[PDB]
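Visitor: My structure is stored as my_file_9.txt, with compact mmCIF, C-alpha atoms and all ligand atoms.
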```
# COMPACT_ATOMS: atom_id res chain seq x y z
CA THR A 4 1.32 -3.43 -3.56
CA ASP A 5 -0.87 -0.70 -5.08
CA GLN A 6 1.81 1.42 -6.76
CA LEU A 7 0.56 3.01 -9.97
CA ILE A 8 3.73 2.68 -12.06
CA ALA A 9 4.32 -0.96 -11.10
CA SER A 10 0.81 -1.77 -12.37
CA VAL A 11 1.60 -0.53 -15.90
CA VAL A 12 5.21 -1.63 -16.57
CA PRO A 13 6.88 -5.06 -16.71
CA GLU A 14 8.47 -6.50 -13.60
CA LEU A 15 11.91 -6.19 -15.12
CA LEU A 16 11.62 -2.36 -14.96
CA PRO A 17 11.81 -1.40 -11.25
CA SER A 18 9.89 1.65 -10.21
CA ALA A 19 9.35 3.79 -7.14
CA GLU A 20 6.86 6.51 -6.28
CA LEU A 21 5.67 8.78 -3.50
CA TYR A 22 2.58 10.95 -3.05
CA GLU A 23 4.12 13.64 -0.74
CA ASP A 24 7.60 15.08 -0.19
CA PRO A 25 9.38 13.48 2.79
CA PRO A 26 10.72 16.33 4.91
CA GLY A 27 14.38 17.23 4.77
CA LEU A 28 15.51 15.77 1.45
CA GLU A 29 18.35 17.37 -0.49
CA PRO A 30 19.67 16.70 -3.98
CA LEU A 31 23.17 15.50 -4.66
CA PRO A 32 25.74 18.32 -4.98
CA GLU A 33 26.02 17.88 -8.75
CA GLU A 34 22.24 18.26 -9.05
CA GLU A 35 21.90 21.50 -7.12
CA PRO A 36 22.62 23.84 -10.08
CA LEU A 37 19.61 22.46 -11.94
CA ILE A 38 17.19 23.91 -9.34
CA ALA A 39 19.32 26.78 -7.96
CA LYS A 40 16.75 29.60 -8.23
CA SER A 41 13.65 27.36 -8.51
CA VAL A 42 10.38 27.80 -6.62
CA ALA A 43 9.40 25.40 -3.81
CA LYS A 44 7.22 23.17 -5.95
CA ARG A 45 9.96 22.69 -8.55
CA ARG A 46 12.72 22.10 -5.97
CA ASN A 47 10.66 19.53 -4.12
CA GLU A 48 9.41 17.69 -7.20
CA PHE A 49 12.96 17.51 -8.60
CA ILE A 50 14.47 16.25 -5.35
CA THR A 51 11.81 13.72 -4.45
CA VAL A 52 11.54 12.24 -7.94
CA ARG A 53 15.31 11.62 -7.90
CA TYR A 54 15.04 10.01 -4.47
CA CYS A 55 12.55 7.65 -6.12
CA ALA A 56 14.78 7.16 -9.17
CA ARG A 57 17.77 6.23 -7.01
CA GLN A 58 15.65 3.70 -5.11
CA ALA A 59 14.68 2.05 -8.39
CA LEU A 60 18.29 2.16 -9.68
CA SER A 61 19.44 0.40 -6.50
CA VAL A 62 17.18 -2.54 -7.41
CA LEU A 63 19.18 -2.81 -10.64
CA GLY A 64 22.43 -2.77 -8.68
CA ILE A 65 23.37 0.87 -9.23
CA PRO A 66 24.48 2.85 -6.14
CA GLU A 67 23.80 6.54 -5.56
CA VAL A 68 24.49 8.65 -8.65
CA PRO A 69 23.35 12.10 -9.86
CA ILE A 70 20.61 12.25 -12.49
CA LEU A 71 21.36 15.32 -14.60
CA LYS A 72 19.46 16.66 -17.61
CA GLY A 73 20.45 16.30 -21.24
CA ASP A 74 20.13 18.35 -24.36
CA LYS A 75 16.35 18.94 -24.33
CA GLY A 76 15.63 18.10 -20.70
CA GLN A 77 15.89 14.33 -20.88
CA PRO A 78 17.25 12.58 -17.77
CA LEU A 79 20.79 11.27 -18.10
CA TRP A 80 21.12 7.73 -16.81
CA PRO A 81 24.12 5.51 -16.18
CA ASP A 82 25.59 3.45 -18.96
CA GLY A 83 23.31 0.54 -19.70
CA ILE A 84 20.18 2.21 -18.28
CA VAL A 85 17.02 3.80 -19.64
CA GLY A 86 14.36 5.44 -17.51
CA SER A 87 11.65 8.04 -17.13
CA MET A 88 10.42 10.36 -14.37
CA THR A 89 7.25 12.30 -13.69
CA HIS A 90 5.89 14.72 -11.08
CA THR A 91 2.59 16.48 -10.52
CA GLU A 92 0.59 17.58 -7.49
CA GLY A 93 0.33 14.47 -5.35
CA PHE A 94 2.84 12.34 -7.23
CA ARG A 95 6.53 11.76 -7.91
CA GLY A 96 7.63 8.58 -9.67
CA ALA A 97 10.42 6.99 -11.63
CA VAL A 98 11.01 3.81 -13.65
CA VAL A 99 14.31 2.38 -14.90
CA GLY A 100 15.49 -0.61 -16.90
CA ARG A 101 18.50 -2.06 -18.64
CA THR A 102 19.27 -1.32 -22.27
CA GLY A 103 19.90 -4.99 -22.83
CA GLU A 104 16.22 -5.54 -21.95
CA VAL A 105 14.29 -2.61 -23.52
CA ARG A 106 14.96 0.26 -25.92
CA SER A 107 13.08 3.08 -24.17
CA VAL A 108 10.50 3.83 -21.48
CA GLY A 109 8.28 6.83 -20.85
CA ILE A 110 5.83 7.57 -18.03
CA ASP A 111 3.61 10.53 -17.18
CA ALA A 112 1.30 11.33 -14.24
CA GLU A 113 -1.57 13.82 -14.27
CA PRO A 114 -4.35 14.62 -11.85
CA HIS A 115 -7.57 12.86 -12.85
CA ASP A 116 -9.43 16.05 -13.76
CA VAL A 117 -10.83 17.87 -16.78
CA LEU A 118 -8.11 19.58 -18.79
CA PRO A 119 -7.53 23.32 -18.19
CA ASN A 120 -9.57 25.61 -20.42
CA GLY A 121 -8.40 25.47 -24.05
CA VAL A 122 -5.80 22.72 -23.72
CA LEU A 123 -7.81 19.95 -25.39
CA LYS A 124 -8.31 22.04 -28.54
CA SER A 125 -4.55 22.61 -28.66
CA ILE A 126 -3.45 18.99 -28.25
CA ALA A 127 -6.10 16.81 -29.89
CA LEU A 128 -6.47 16.03 -33.57
CA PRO A 129 -10.04 16.48 -34.85
CA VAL A 130 -10.43 12.68 -35.15
CA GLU A 131 -9.29 12.29 -31.57
CA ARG A 132 -11.94 14.69 -30.33
CA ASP A 133 -14.61 12.49 -31.88
CA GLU A 134 -13.08 9.33 -30.48
CA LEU A 135 -12.91 10.72 -26.95
CA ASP A 136 -16.58 11.75 -27.07
CA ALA A 137 -17.47 8.12 -27.83
CA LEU A 138 -15.67 6.54 -24.84
CA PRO A 139 -17.66 5.55 -21.74
CA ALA A 140 -18.71 8.02 -19.10
CA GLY A 141 -16.75 8.25 -15.86
CA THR A 142 -13.15 8.98 -16.93
CA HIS A 143 -11.55 12.30 -17.96
CA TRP A 144 -10.50 11.06 -21.38
CA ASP A 145 -9.22 14.53 -22.37
CA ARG A 146 -6.65 14.47 -19.55
CA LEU A 147 -5.79 10.85 -20.34
CA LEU A 148 -5.10 11.75 -23.99
CA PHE A 149 -2.83 14.63 -22.90
CA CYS A 150 -0.98 12.35 -20.46
CA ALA A 151 -0.54 9.66 -23.13
CA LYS A 152 0.81 12.19 -25.64
CA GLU A 153 3.43 13.39 -23.14
CA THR A 154 4.43 9.76 -22.47
CA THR A 155 4.77 9.28 -26.23
CA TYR A 156 7.26 12.15 -26.45
CA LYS A 157 9.25 10.86 -23.48
CA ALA A 158 9.57 7.41 -25.06
CA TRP A 159 10.34 8.91 -28.48
CA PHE A 160 12.90 11.58 -27.69
CA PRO A 161 15.79 9.38 -26.45
CA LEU A 162 15.46 7.29 -29.62
CA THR A 163 15.29 10.16 -32.13
CA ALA A 164 16.68 13.42 -30.68
CA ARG A 165 13.80 15.18 -32.46
CA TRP A 166 10.73 17.10 -31.39
CA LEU A 167 7.33 15.42 -31.62
CA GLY A 168 4.30 17.69 -31.51
CA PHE A 169 0.88 16.95 -30.09
CA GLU A 170 -0.41 16.97 -33.68
CA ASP A 171 2.28 14.46 -34.75
CA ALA A 172 0.83 11.35 -33.09
CA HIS A 173 -2.66 9.87 -33.09
CA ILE A 174 -3.39 8.20 -29.76
CA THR A 175 -6.27 5.71 -29.50
CA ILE A 176 -7.38 4.88 -25.94
CA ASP A 177 -9.02 1.59 -25.04
CA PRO A 178 -11.22 1.28 -21.94
CA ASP A 179 -9.23 -1.88 -21.01
CA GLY A 180 -6.16 0.04 -19.82
CA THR A 181 -4.21 0.09 -23.07
CA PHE A 182 -3.57 2.70 -25.71
CA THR A 183 -1.70 2.98 -28.98
CA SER A 184 0.27 5.91 -30.40
CA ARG A 185 0.56 6.10 -34.20
CA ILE A 186 3.35 8.40 -35.37
CA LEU A 187 2.41 10.73 -38.25
CA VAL A 188 5.90 12.07 -39.02
CA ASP A 189 9.25 10.61 -40.13
CA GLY A 190 10.00 7.92 -37.61
CA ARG A 191 13.62 7.14 -38.41
CA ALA A 192 15.40 6.34 -35.14
CA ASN A 193 19.01 6.66 -34.01
CA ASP A 194 19.53 2.88 -34.02
CA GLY A 195 18.65 2.61 -37.73
CA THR A 196 15.07 1.40 -37.24
CA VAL A 197 11.75 3.15 -37.88
CA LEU A 198 9.29 4.03 -35.09
CA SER A 199 5.75 3.93 -36.44
CA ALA A 200 3.66 2.89 -33.43
CA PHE A 201 3.93 2.55 -29.69
CA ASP A 202 1.92 0.33 -27.28
CA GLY A 203 0.96 1.96 -23.99
CA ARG A 204 -0.74 1.18 -20.76
CA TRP A 205 -2.78 3.35 -18.43
CA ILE A 206 -4.25 3.24 -14.89
CA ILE A 207 -6.36 5.60 -12.79
CA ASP A 208 -6.13 5.42 -9.00
CA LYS A 209 -5.52 7.68 -6.02
CA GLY A 210 -6.97 10.61 -8.03
CA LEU A 211 -4.22 10.31 -10.67
CA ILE A 212 -3.74 9.07 -14.20
CA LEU A 213 -0.50 7.24 -14.97
CA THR A 214 0.42 6.31 -18.52
CA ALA A 215 3.44 4.29 -19.60
CA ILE A 216 5.11 3.15 -22.81
CA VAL A 217 7.85 0.54 -23.09
CA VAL A 218 9.58 0.37 -26.44
CA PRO A 219 10.83 -3.23 -26.73
CA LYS A 220 14.03 -4.46 -28.27
CA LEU A 221 13.71 -5.89 -31.78
CA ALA A 222 14.78 -9.34 -32.95
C1 LIG A 301 8.82 17.38 -21.58
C2 LIG A 301 7.36 17.08 -21.22
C3 LIG A 301 6.86 15.83 -22.01
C4 LIG A 301 7.28 16.84 -19.68
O1 LIG A 301 6.07 16.21 -19.46
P1 LIG A 301 5.15 16.89 -18.31
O2 LIG A 301 3.92 16.04 -18.22
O3 LIG A 301 5.01 18.36 -18.52
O4 LIG A 301 6.00 16.81 -16.98
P2 LIG A 301 6.42 15.47 -16.04
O5 LIG A 301 6.49 16.00 -14.69
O6 LIG A 301 5.50 14.30 -16.35
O7 LIG A 301 7.84 15.05 -16.62
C5 LIG A 301 8.90 15.96 -16.41
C6 LIG A 301 10.18 15.13 -16.57
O8 LIG A 301 10.25 14.69 -17.96
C7 LIG A 301 11.56 14.38 -18.28
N1 LIG A 301 11.92 14.98 -19.56
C8 LIG A 301 12.06 16.31 -19.88
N2 LIG A 301 12.41 16.51 -21.16
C9 LIG A 301 12.49 15.22 -21.68
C10 LIG A 301 12.82 14.71 -22.96
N3 LIG A 301 13.16 15.57 -23.93
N4 LIG A 301 12.78 13.40 -23.21
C11 LIG A 301 12.44 12.61 -22.20
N5 LIG A 301 12.12 12.91 -20.92
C12 LIG A 301 12.16 14.26 -20.71
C13 LIG A 301 12.48 14.97 -17.11
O9 LIG A 301 12.96 13.91 -16.32
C14 LIG A 301 11.46 15.88 -16.29
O10 LIG A 301 11.64 15.88 -14.92
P3 LIG A 301 13.03 16.68 -14.33
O11 LIG A 301 13.10 18.00 -15.00
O12 LIG A 301 12.74 16.77 -12.85
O13 LIG A 301 14.17 15.75 -14.71
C15 LIG A 301 6.42 18.27 -21.59
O14 LIG A 301 6.56 19.34 -20.67
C16 LIG A 301 6.63 18.88 -22.92
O15 LIG A 301 7.37 19.84 -23.10
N6 LIG A 301 5.89 18.31 -23.91
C17 LIG A 301 6.06 18.83 -25.24
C18 LIG A 301 6.31 17.60 -26.23
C19 LIG A 301 5.11 16.65 -26.19
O16 LIG A 301 4.55 16.27 -25.16
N7 LIG A 301 4.66 16.20 -27.42
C20 LIG A 301 3.51 15.30 -27.53
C21 LIG A 301 3.93 14.13 -28.43
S1 LIG A 301 2.52 13.16 -29.05
MN MN A 302 6.05 17.67 -13.45
MN MN A 303 2.12 15.42 -17.74
NA NA A 304 17.10 17.86 -30.65
```
What does the file become when written as structure tokens?
Guide:
Amino acid sequence: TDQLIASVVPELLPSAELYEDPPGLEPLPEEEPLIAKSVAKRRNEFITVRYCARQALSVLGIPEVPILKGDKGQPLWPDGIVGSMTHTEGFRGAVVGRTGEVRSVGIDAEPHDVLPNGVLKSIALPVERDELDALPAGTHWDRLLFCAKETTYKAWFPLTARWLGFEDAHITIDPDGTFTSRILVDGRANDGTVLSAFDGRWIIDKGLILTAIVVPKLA
């Protein structure tokens, strides 16, 4: 009803989220090596986010399956599926969709708080600093910019297999719940197209920021 991800992605991309770790969850056997020596926060975020991912996959008709990690950390979905996952204090969530419907999806959740000391200087272009200062009072625009940049990478990486730095995209945030990401580097993609700009959506609720980008199919 009031799920954050569902508010920022199309209905044809099922999503699921939780705000706490249900007690007693375990990963699938194939997933255990990915968190073998991990601390409690990492184990629990990994397990619960995959619980949410499998719930969303079931809506698309896909029964229980491991969700392993690819070359540079990207989640590895079944044939015909794209998706994205995110976890932070107070949130685990996942979204999935069919490749016949969209090219890529990225999401990212952050607490709705001022960025840690020094992070804004590291991630924002000078022009972005000025733009954030101009936006209306009452939202942590610095944290929203950071969130949006991470969503940009998540949407970009499965389509390019290349790094994208914080300095390599200019994100413009609108108060209306949308943002744009303008790519400043070579945007050639692995399907033969060029990625120059992404359209994003954002919501703040439950003390969290959630950003999302869907990269549509082309004609
Ligand atoms: C990878 C990264 C984006 C993760 O974002 P984050 O906000 O720190 O963490 P989240 O909890 O939201 O997301 C973590 C999940 O992202 C996904 N992920 C990791 N690497 C990924 C990649 N290369 N491509 C897509 N998704 C990826 C994984 O599913 C991971 O969860 P898991 O390890 O449990 O499977 C971030 O840590 C990072 O390294 N960023 C550097 C690149 C960047 O953001 N550039 C800005 C471009 S403008
Ligand atoms: Mn996380
Ligand atoms: Mn994040
Ligand atoms: Na690579």
Visitor: Show me which residues are within 9 Å of ligand MN 302 (chain A) counting all atoms listed in the file, and format the list as a PyMOL selection string.
Guide: chain A and resi 45+48-49+88-92+94-95+111-113
Visitor: Produce as number ranges by chain the set of residues near ligand LIG 301 (chain A), where near means within 7 Å with only C-alpha atoms and all ligand atoms considered.
Guide: A: 48-49, 52, 72, 75-78, 87-91, 110-112, 150, 152-158, 160-161, 166-172
Visitor: Using the selection just defined, write its residues with C-alpha atoms as a PDB file, in the coordinates of the input.
Guide:
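What ended up in again31.pdb:
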```pdb
ATOM      1  CA  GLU A  48       9.410  17.690  -7.200  1.00  0.00           C
ATOM      2  CA  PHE A  49      12.960  17.510  -8.600  1.00  0.00           C
ATOM      3  CA  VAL A  52      11.540  12.240  -7.940  1.00  0.00           C
ATOM      4  CA  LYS A  72      19.460  16.660 -17.610  1.00  0.00           C
ATOM      5  CA  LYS A  75      16.350  18.940 -24.330  1.00  0.00           C
ATOM      6  CA  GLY A  76      15.630  18.100 -20.700  1.00  0.00           C
ATOM      7  CA  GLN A  77      15.890  14.330 -20.880  1.00  0.00           C
ATOM      8  CA  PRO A  78      17.250  12.580 -17.770  1.00  0.00           C
ATOM      9  CA  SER A  87      11.650   8.040 -17.130  1.00  0.00           C
ATOM     10  CA  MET A  88      10.420  10.360 -14.370  1.00  0.00           C
ATOM     11  CA  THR A  89       7.250  12.300 -13.690  1.00  0.00           C
ATOM     12  CA  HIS A  90       5.890  14.720 -11.080  1.00  0.00           C
ATOM     13  CA  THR A  91       2.590  16.480 -10.520  1.00  0.00           C
ATOM     14  CA  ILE A 110       5.830   7.570 -18.030  1.00  0.00           C
ATOM     15  CA  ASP A 111       3.610  10.530 -17.180  1.00  0.00           C
ATOM     16  CA  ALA A 112       1.300  11.330 -14.240  1.00  0.00           C
ATOM     17  CA  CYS A 150      -0.980  12.350 -20.460  1.00  0.00           C
ATOM     18  CA  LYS A 152       0.810  12.190 -25.640  1.00  0.00           C
ATOM     19  CA  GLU A 153       3.430  13.390 -23.140  1.00  0.00           C
ATOM     20  CA  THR A 154       4.430   9.760 -22.470  1.00  0.00           C
ATOM     21  CA  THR A 155       4.770   9.280 -26.230  1.00  0.00           C
ATOM     22  CA  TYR A 156       7.260  12.150 -26.450  1.00  0.00           C
ATOM     23  CA  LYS A 157       9.250  10.860 -23.480  1.00  0.00           C
ATOM     24  CA  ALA A 158       9.570   7.410 -25.060  1.00  0.00           C
ATOM     25  CA  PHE A 160      12.900  11.580 -27.690  1.00  0.00           C
ATOM     26  CA  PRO A 161      15.790   9.380 -26.450  1.00  0.00           C
ATOM     27  CA  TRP A 166      10.730  17.100 -31.390  1.00  0.00           C
ATOM     28  CA  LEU A 167       7.330  15.420 -31.620  1.00  0.00           C
ATOM     29  CA  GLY A 168       4.300  17.690 -31.510  1.00  0.00           C
ATOM     30  CA  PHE A 169       0.880  16.950 -30.090  1.00  0.00           C
ATOM     31  CA  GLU A 170      -0.410  16.970 -33.680  1.00  0.00           C
ATOM     32  CA  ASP A 171       2.280  14.460 -34.750  1.00  0.00           C
ATOM     33  CA  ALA A 172       0.830  11.350 -33.090  1.00  0.00           C
TER      34      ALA A 172
END
```
Visitor: Tell me, as JSON, numbers by chain, which residues lie within 9 Å of residue A:163, counting only C-alpha atoms; anything in the same chain fewer than 6 positions away does not count.
Guide: {"A": [190, 191, 192, 193, 194]}
Visitor: Give me, please, the distance in Å between atom CA of residue A:82 and atom CA of residue A:197, quoted to one decimal.
Guide: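 Rounded to one decimal, the two atoms are 23.4 Å apart.
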Visitor: Determine the nearest neighbour of ligand NA 304 (chain A) from the options A:130, A:162, A:123, A:215, counting only C-alpha atoms and all ligand atoms.
Guide: A:162
Visitor: Could you please give me, as a list in words, the residues of protein, DNA or RNA lying at most 12 Å from (23.9, 5.2, -6.9) in the coordinate frame of the file, considering only C-alpha atoms?
Guide: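 Final list of nearby residues, as requested, is residues 31, 53, 54, 55, 56, 57, 58, 59, 60, 61, 62, 63, 64, 65, 66, 67, 68, 69, 70, 80 and 81 of chain A.
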Visitor: Stretch 180-185 of chain A: which residues within 6 Å, counting only C-alpha atoms, same-chain residues fewer than 2 positions away excluded, as a PDB file with C-alpha atoms, in the frame of the given file?
Guide:
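Written output follows (selection.pdb):
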```pdb
ATOM      1  CA  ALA A 172       0.830  11.350 -33.090  1.00  0.00           C
ATOM      2  CA  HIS A 173      -2.660   9.870 -33.090  1.00  0.00           C
ATOM      3  CA  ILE A 174      -3.390   8.200 -29.760  1.00  0.00           C
ATOM      4  CA  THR A 175      -6.270   5.710 -29.500  1.00  0.00           C
ATOM      5  CA  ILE A 176      -7.380   4.880 -25.940  1.00  0.00           C
ATOM      6  CA  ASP A 177      -9.020   1.590 -25.040  1.00  0.00           C
ATOM      7  CA  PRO A 178     -11.220   1.280 -21.940  1.00  0.00           C
ATOM      8  CA  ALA A 200       3.660   2.890 -33.430  1.00  0.00           C
ATOM      9  CA  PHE A 201       3.930   2.550 -29.690  1.00  0.00           C
ATOM     10  CA  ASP A 202       1.920   0.330 -27.280  1.00  0.00           C
ATOM     11  CA  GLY A 203       0.960   1.960 -23.990  1.00  0.00           C
ATOM     12  CA  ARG A 204      -0.740   1.180 -20.760  1.00  0.00           C
ATOM     13  CA  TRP A 205      -2.780   3.350 -18.430  1.00  0.00           C
TER      14      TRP A 205
END
```
Visitor: One number please: atom CA of residue A:38 to atom CA of residue A:98, in Å, one decimal.
Guide: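 Going from atom CA of residue A:38 over to atom CA of residue A:98, I get 21.5 Å.
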